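**Student:** Pasting a structure here, questions to come.
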Amino acid sequence: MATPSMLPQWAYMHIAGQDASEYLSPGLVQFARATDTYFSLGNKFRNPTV
Amino acid sequence: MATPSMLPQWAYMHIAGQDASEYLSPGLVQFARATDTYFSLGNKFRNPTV
Amino acid sequence: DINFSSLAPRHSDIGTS
Amino acid sequence: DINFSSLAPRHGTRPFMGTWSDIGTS
Amino acid sequence: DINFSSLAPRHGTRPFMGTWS
Amino acid sequence: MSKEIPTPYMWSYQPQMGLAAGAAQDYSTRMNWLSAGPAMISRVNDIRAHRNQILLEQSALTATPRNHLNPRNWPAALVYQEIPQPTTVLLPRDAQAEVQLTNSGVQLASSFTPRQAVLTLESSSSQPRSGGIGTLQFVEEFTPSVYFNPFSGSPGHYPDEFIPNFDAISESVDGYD
């Protein structure tokens, strides 16, 4: 079957969890730090704000 | 609604899973065999033939 | 509401892969 | 020039997944 | 910026000091 | 035979008029699909699974024992009694010294008597209220309920108290007027 998704989907769809600097791997975060001046990856990841 | 796909979504739309007396509750299949002589309910559900 | 935004920059040149 | 100068010189810290910290502690 | 008032640095010129001769 | 873990019923908040009853499965869980390949299904339906665990330990750390989902009258012991502290208000006059001065003295609204008195009587009591669901207790006692194998058994073991048009004092469903 597969009937639902329920409540901790809110901290998995990133509307209540952590910044996109805490849930991303620290390799992709470092790459993003260093590449922001010719390619931007910041507008493709959620930041919850509660 | 969850988010099935592939074999999952054929086992949610009932074109590959179990029959409509095994995914239906056994209180609705008891219901629909005692009243199904003047009030059918069996043609409202789908049985996968594979 | 109208507003709602949560996509904005939070920003051998590599560690390990 | 004509004087103003007042508290809150920088960002007010709040761990930006949320919008708070505390009232202090006691 | 929306400022109409300078800062003062709050410190005079040169930290570094020399001996009397 | 498979049913997985169904969407959890949650009792309606119904206004003030009556007693809490009826429930329906969630509307913060339904989704667009024909989009998520089988990797993401595993995550989706173990996030759901995890949620049920949370609910089944909020039915044990906030919900008080009952043999009825909706008892239709909660005892005095099982509803929060809003009871404040006793109120003491001083008695300012001396009732026996005015009738000993009004003989020739006359008075406009503490000099001629040392006496003062207090009155309490425990002014915060009242005979316990014992109607429907407590003041702060709707949320506590009706955290969502999850019906693992739904409608299995015969009537008399179904939760007919998920039906809003049910009366549990007659065990009858009536034609709403």
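By order of appearance in the structure tokens: chains A, B, ..., then residues from 1 within every chain, and ligands from 1 in the order shown.
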By least-squares superposition of chain A on chain B, using all C-alpha atoms in order, what RMSD in Å to one decimal is obtained?

**Tutor:**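 Root-mean-square deviation of the C-alpha atoms: 3.0 Å.
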
**Student:** Please check the contacts: residues of chain D at most 10 Å away from chain A, using only C-alpha atoms, listed as a list in words.

**Tutor:** residues 15, 16, 17, 18, 19 and 20 of chain D

**Student:** With N, CA, C and O atoms kept, could you save the residues just selected as a CSV table (one decimal), in the first residue's frame?

**Tutor:**
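Writing done, so here's selection.csv:
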```
chain,number,residue,atom,x,y,z
D,15,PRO,N,19.3,31.8,17.1
D,15,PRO,CA,19.8,30.7,16.3
D,15,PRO,C,18.8,30.4,15.2
D,15,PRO,O,17.8,29.8,15.4
D,16,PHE,N,19.1,31.0,14.0
D,16,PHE,CA,18.0,31.4,12.9
D,16,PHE,C,17.1,30.3,12.4
D,16,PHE,O,16.1,30.7,11.8
D,17,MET,N,17.3,29.0,12.6
D,17,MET,CA,16.2,28.1,12.6
D,17,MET,C,15.0,28.5,13.6
D,17,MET,O,13.9,28.2,13.3
D,18,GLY,N,15.3,29.4,14.6
D,18,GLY,CA,14.3,30.1,15.5
D,18,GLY,C,14.6,31.5,15.8
D,18,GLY,O,15.6,32.1,15.3
D,19,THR,N,13.7,32.2,16.5
D,19,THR,CA,13.8,33.7,16.7
D,19,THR,C,13.8,34.2,18.2
D,19,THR,O,12.9,34.9,18.6
D,20,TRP,N,14.7,33.7,19.0
D,20,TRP,CA,14.7,33.8,20.4
D,20,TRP,C,16.1,33.6,21.0
D,20,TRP,O,17.1,33.4,20.3
```

**Student:** May I have a table of the residues of chain E lying at most 12 Å from chain D, giving each one's closest pair of atoms and their distance in Å to one decimal, counting only C-alpha atoms, ordered by chain and ascending residue number, as CSV?

**Tutor:**
```
residue,atom,partner,partner_atom,distance
E:3,CA,D:4,CA,9.8
E:4,CA,D:1,CA,7.6
E:5,CA,D:1,CA,6.0
E:6,CA,D:1,CA,7.8
E:7,CA,D:5,CA,9.0
E:8,CA,D:5,CA,10.8
```

**Student:** Store the residues picked out above, limited to C-alpha atoms, as an mmCIF file, in the first residue's frame.

**Tutor:**
```cif
data_model
loop_
_atom_site.group_PDB
_atom_site.id
_atom_site.type_symbol
_atom_site.label_atom_id
_atom_site.label_comp_id
_atom_site.auth_asym_id
_atom_site.auth_seq_id
_atom_site.Cartn_x
_atom_site.Cartn_y
_atom_site.Cartn_z
ATOM 1 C CA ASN E 3 23.116 56.978 8.950
ATOM 2 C CA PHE E 4 23.678 60.734 9.349
ATOM 3 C CA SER E 5 26.199 60.635 12.215
ATOM 4 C CA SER E 6 29.881 59.635 12.135
ATOM 5 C CA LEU E 7 31.502 57.241 14.540
ATOM 6 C CA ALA E 8 34.372 58.207 16.745
#
```

**Student:** Within 7 Å of residue 25 of chain B, counting only C-alpha atoms, which residues qualify if same-chain residues fewer than 4 places away don't, as a list in words?

**Tutor:**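 Counting only the stated atoms, we get residues 29 of chain B; 150, 151 and 152 of chain F.
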
**Student:** Report as JSON lines the residues of chain F within 12 Å of chain A, each with its shortest atom pair and distance in Å (one decimal), using only C-alpha atoms, ordered by chain and increasing residue number.

**Tutor:**
```
{"residue": "F:1", "atom": "CA", "partner": "A:1", "partner_atom": "CA", "distance": 10.7}
{"residue": "F:2", "atom": "CA", "partner": "A:1", "partner_atom": "CA", "distance": 7.8}
{"residue": "F:3", "atom": "CA", "partner": "A:1", "partner_atom": "CA", "distance": 7.4}
{"residue": "F:4", "atom": "CA", "partner": "A:2", "partner_atom": "CA", "distance": 7.1}
{"residue": "F:5", "atom": "CA", "partner": "A:3", "partner_atom": "CA", "distance": 7.8}
{"residue": "F:6", "atom": "CA", "partner": "A:3", "partner_atom": "CA", "distance": 6.5}
{"residue": "F:7", "atom": "CA", "partner": "A:4", "partner_atom": "CA", "distance": 6.1}
{"residue": "F:8", "atom": "CA", "partner": "A:6", "partner_atom": "CA", "distance": 8.5}
{"residue": "F:9", "atom": "CA", "partner": "A:6", "partner_atom": "CA", "distance": 11.5}
{"residue": "F:25", "atom": "CA", "partner": "A:4", "partner_atom": "CA", "distance": 10.4}
{"residue": "F:26", "atom": "CA", "partner": "A:6", "partner_atom": "CA", "distance": 8.2}
{"residue": "F:27", "atom": "CA", "partner": "A:6", "partner_atom": "CA", "distance": 9.3}
{"residue": "F:28", "atom": "CA", "partner": "A:6", "partner_atom": "CA", "distance": 7.0}
{"residue": "F:29", "atom": "CA", "partner": "A:6", "partner_atom": "CA", "distance": 5.0}
{"residue": "F:30", "atom": "CA", "partner": "A:4", "partner_atom": "CA", "distance": 6.5}
{"residue": "F:31", "atom": "CA", "partner": "A:4", "partner_atom": "CA", "distance": 8.1}
{"residue": "F:32", "atom": "CA", "partner": "A:4", "partner_atom": "CA", "distance": 11.0}
{"residue": "F:33", "atom": "CA", "partner": "A:2", "partner_atom": "CA", "distance": 10.9}
{"residue": "F:36", "atom": "CA", "partner": "A:2", "partner_atom": "CA", "distance": 11.9}
{"residue": "F:38", "atom": "CA", "partner": "A:2", "partner_atom": "CA", "distance": 11.2}
{"residue": "F:40", "atom": "CA", "partner": "A:5", "partner_atom": "CA", "distance": 11.1}
{"residue": "F:41", "atom": "CA", "partner": "A:2", "partner_atom": "CA", "distance": 8.0}
{"residue": "F:42", "atom": "CA", "partner": "A:2", "partner_atom": "CA", "distance": 9.6}
{"residue": "F:43", "atom": "CA", "partner": "A:5", "partner_atom": "CA", "distance": 9.0}
{"residue": "F:44", "atom": "CA", "partner": "A:5", "partner_atom": "CA", "distance": 5.4}
{"residue": "F:45", "atom": "CA", "partner": "A:5", "partner_atom": "CA", "distance": 6.0}
{"residue": "F:46", "atom": "CA", "partner": "A:5", "partner_atom": "CA", "distance": 8.1}
{"residue": "F:47", "atom": "CA", "partner": "A:8", "partner_atom": "CA", "distance": 6.1}
{"residue": "F:48", "atom": "CA", "partner": "A:5", "partner_atom": "CA", "distance": 4.6}
{"residue": "F:49", "atom": "CA", "partner": "A:6", "partner_atom": "CA", "distance": 8.3}
{"residue": "F:50", "atom": "CA", "partner": "A:8", "partner_atom": "CA", "distance": 7.7}
{"residue": "F:51", "atom": "CA", "partner": "A:7", "partner_atom": "CA", "distance": 6.0}
{"residue": "F:52", "atom": "CA", "partner": "A:6", "partner_atom": "CA", "distance": 8.4}
{"residue": "F:53", "atom": "CA", "partner": "A:8", "partner_atom": "CA", "distance": 11.1}
{"residue": "F:54", "atom": "CA", "partner": "A:7", "partner_atom": "CA", "distance": 9.5}
{"residue": "F:55", "atom": "CA", "partner": "A:7", "partner_atom": "CA", "distance": 10.0}
{"residue": "F:144", "atom": "CA", "partner": "A:7", "partner_atom": "CA", "distance": 11.3}
{"residue": "F:146", "atom": "CA", "partner": "A:6", "partner_atom": "CA", "distance": 11.6}
```

**Student:** Neighbours of segment 6-17 of chain C within 6 Å (only C-alpha atoms; same-chain residues fewer than 3 positions away dropped), as a CSV table (one decimal) with N, CA and C atoms, in the first residue's frame?

**Tutor:**
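File selection.csv, as written:
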```
chain,number,residue,atom,x,y,z
A,33,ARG,N,30.6,27.2,0.1
A,33,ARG,CA,31.3,28.4,0.7
A,33,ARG,C,32.2,29.1,-0.3
A,42,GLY,N,22.8,28.3,-3.2
A,42,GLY,CA,22.2,28.7,-1.9
A,42,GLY,C,20.7,28.7,-2.0
A,43,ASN,N,20.1,28.9,-3.2
A,43,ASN,CA,18.7,29.1,-3.4
A,43,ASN,C,18.1,27.8,-3.8
A,46,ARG,N,16.5,24.7,1.6
A,46,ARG,CA,15.6,25.3,2.6
A,46,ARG,C,16.3,25.8,3.8
A,47,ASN,N,15.8,26.8,4.4
A,47,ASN,CA,16.1,27.2,5.8
A,47,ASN,C,14.8,27.3,6.6
```

**Student:** Could you pull out all residues of chain F with a DSSP call of strand (DSSP E) and give them as JSON, numbers by chain?

**Tutor:** {"F": [9, 10, 11, 23, 24, 25, 89, 90, 91, 117, 118, 119, 166, 167, 172, 173]}

**Student:** Name all residues at most 9 Å from segment 16-24 of chain F (count only C-alpha atoms; drop same-chain ones fewer than 5 positions away) and give them as an MDAnalysis selection string.

**Tutor:** chainID F and resid 8:11 69:70 72:73 131:133 138 160:166

**Student:** From a DSSP calculation on the backbone, collect every residue of chain B in alpha helix (DSSP H) and output the set as number ranges by chain.

**Tutor:** B: 28-31

**Student:** Would you write out those residues with N, CA and C atoms, as a compact mmCIF listing (two decimals), in the first residue's frame?

**Tutor:**
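File written: part-v8.txt
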```txt
# COMPACT_ATOMS: atom_id res chain seq x y z
N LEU B 28 -15.88 -4.88 6.30
CA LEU B 28 -16.51 -4.31 5.14
C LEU B 28 -16.72 -5.38 4.11
N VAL B 29 -16.14 -6.57 4.32
CA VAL B 29 -16.25 -7.67 3.40
C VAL B 29 -17.27 -8.61 3.96
N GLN B 30 -17.38 -8.67 5.31
CA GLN B 30 -18.52 -9.23 6.00
C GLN B 30 -19.78 -8.47 5.77
N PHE B 31 -19.71 -7.13 5.70
CA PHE B 31 -20.83 -6.27 5.41
C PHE B 31 -21.32 -6.55 4.01
```

**Student:** If I take atom CA of residue 36 of chain B and atom CA of residue 22 of chain B, how far is one from the other in Å, to one decimal?

**Tutor:** 17.8 Å

**Student:** Any idea what the distance is between atom CA of residue 41 of chain A and atom CA of residue 3 of chain C?

**Tutor:**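 Computing it gives 22.1 Å between the two atoms.
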
**Student:** Between atom CA of residue 97 of chain F and atom CA of residue 115 of chain F, measure the distance and give it in Å to one decimal.

**Tutor:**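 Here the two named atoms are 9.7 Å from each other.
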
**Student:** Find the residues around residue 86 of chain F up to 7 Å (only C-alpha atoms counted), leave out those fewer than 6 positions away in its own chain, and share them as a VMD selection string.

**Tutor:** chain F and resid 120 122 to 124
